[PDB]
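Coordinate inspection notes
These are the residues of each chain, in order.
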Amino acid sequence: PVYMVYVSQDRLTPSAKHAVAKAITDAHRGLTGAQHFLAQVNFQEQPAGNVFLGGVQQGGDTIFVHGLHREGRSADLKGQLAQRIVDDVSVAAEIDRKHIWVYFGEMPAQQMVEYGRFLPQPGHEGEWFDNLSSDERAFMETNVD
Amino acid sequence: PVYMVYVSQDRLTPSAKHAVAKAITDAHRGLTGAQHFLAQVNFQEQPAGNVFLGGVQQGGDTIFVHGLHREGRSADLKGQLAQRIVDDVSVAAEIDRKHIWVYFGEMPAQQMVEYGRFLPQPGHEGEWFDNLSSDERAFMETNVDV
Amino acid sequence: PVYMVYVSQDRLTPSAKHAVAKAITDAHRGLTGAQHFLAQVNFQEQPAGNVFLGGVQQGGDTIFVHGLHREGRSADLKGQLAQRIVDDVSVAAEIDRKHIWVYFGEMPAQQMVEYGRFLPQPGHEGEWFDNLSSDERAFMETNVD
């Protein structure tokens, strides 16, 4: 998965940012089973007053999570994972839940490419990880906090 | 809905952004009936020159509207709302129509969240609002323009 | 197509950005037959450290390509196109494959407007072009390289 996480400029300190990433990443790991280093969190900072709700300019507290996942998982699982993101971001970022929107879009795994390679289908990530070369495993191996 | 709006830096003043954010929101409200406040308009500004069309760098007039919706609305409707976004953003950003691109994406309501809560289908806008805690109902209230 | 390209700030020199947009656009015109001027490359630049893999802050080397297409193409063509984008962006921007992510999301053309007009079905680019006003025809023909 890639998680586009839109936030106001400077709303998240580096460590705040770190904690929101580890919050999402862990939630995805805990729920899907996918290994950490497949979970990308991409922060998109914009200056305050760029978001608008019902046509009302907003300060700097809004958080929009756009998760892009592989097709394959159930409605129930995705709502658990969306709910856990609303809750664990709320805490990691010290922002009210009322401030957090979370959308999940899905695409066939076979039109999705990470570390230069097409993803496997959900739940069969491990045999996938194993048929990668030495250098590719090493690189992804590093990306586990 | 969340309308992501990709614009070149300084192409829209604060007041330009309002008129755009109000044009999109009014189009969505009027055409869907979904209550005003549910629509977020989110500007992503980049330096001018970060947009290429067929490999040619552009100035700062290009606007891309990515619209992220619940599934359930007909194609004829989605066509209307995209055409009216194109016209109403054009007026409001003082920008020619050829410069405006508009994609709509659809996800199930069950995997979309707003104001920390899980959205309903387009056919449940008013009853959903009524199973909300009064503090949420009053917070969303403040998010309706004028 | 719109291709959203999420790069760390200043990693692509202007010259690189140009090469990276030319290559994606050449890839998409080669494999799908759509005319050049139909392909947008939208570069999104964030400060390095905004990208997290497995919850680990990254340097400025990650490239996430998010392509937005018509529905219409086969899983086979789309993996060709994705794979050609990885290899070509690699060369163009001088970045190992391991750093490149590519997601293809698709939508019905009837909710898809470029240059102020709804796009046709993939492969009907010819007659749709042969129905645009002379000014529109002239305008788009400007954006080909």
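Residues numbered from 1 in each chain as written, not as in the entry; some residues may be left out. Chains lettered and ligands numbered in written order. Heavy atoms only, no water.

Deposited coordinates in this entry are attributed by the record to X-ray crystallography, at a stated resolution of 2.51 Å.

Identification of chain A as Cis-3-chloroacrylic acid dehalogenase from coryneform bacterium is taken from the PDB entry.

Within the PDB entry, the label attached to chain B reads Cis-3-chloroacrylic acid dehalogenase, and the organism entered is coryneform bacterium.

Some remarks on the pattern of salt bridges
Counted under the stated rule, the structure contains 29 salt bridges over all chains. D96 of chain B is the salt-bridge partner of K98 of chain B, the closest N and O atoms lying 3.6 Å from each other. The class for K98 of chain B is partly exposed, based on a relative accessible area of 25%. Each of the salt bridges in this network shares a partner with another, and the network as a whole consists of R70, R73 and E125 of chain A. (Salt bridge = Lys/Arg side-chain N within 4 Å of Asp/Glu carboxyl O. Buried < 20%, exposed > 50% of the residue type's maximum accessible area, 1.4 Å probe, protein only.)

Let's talk about the UniProt feature "binding site: (R)-lactate" (unreviewed entry) in chain A
Residues and elements named next belong to chain A. Taken from the UniProt record, the annotation "binding site: (R)-lactate" (unreviewed entry) applies to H28, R70, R73 and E114. Mapped onto the fold, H28 is located in helix α1 (residues 14–32). When its relative accessible area of 2% is taken as the criterion, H28 is described as buried. Those residues in contact with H28, other than ones at most four positions away along the chain, are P1, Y3, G33, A34, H69, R73 and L81. (UniProt positions renumbered as here; feature names shortened; annotations may be inferred. Helix = DSSP H or I, 4+ residues; strand = E, 2+ residues; numbered from the N terminus. Contact = heavy atoms within 4.5 Å.)

A word on the UniProt feature "binding site: (R)-lactate" (unreviewed entry) in chain B
All names here are of chain B. UniProt tags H28, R70, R73 and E114 as "binding site: (R)-lactate" (unreviewed entry). Its location among the elements puts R70 in strand β5 (residues 63–70). On the accessibility criterion, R70 (3% relative accessible area) is buried. For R70, the residues in contact, after removing those within four places along its chain, are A34, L38, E106, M107, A109, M112, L119, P120, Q121, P122 and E125. Side-chain polar atoms of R70 contact the backbone oxygen of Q121, separated by 3.3 Å. Considering the arrangement of structural elements, one finds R73 in the loop between β5 and α2 (75–92). Non-local contacts of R73, meaning those with residues more than four positions away in its chain, are made with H28, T32, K78, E106, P122 and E125. (Polar contact = N/O pair within 3.5 Å; in protein donor to acceptor, adjacent residues only side chain to side chain.)

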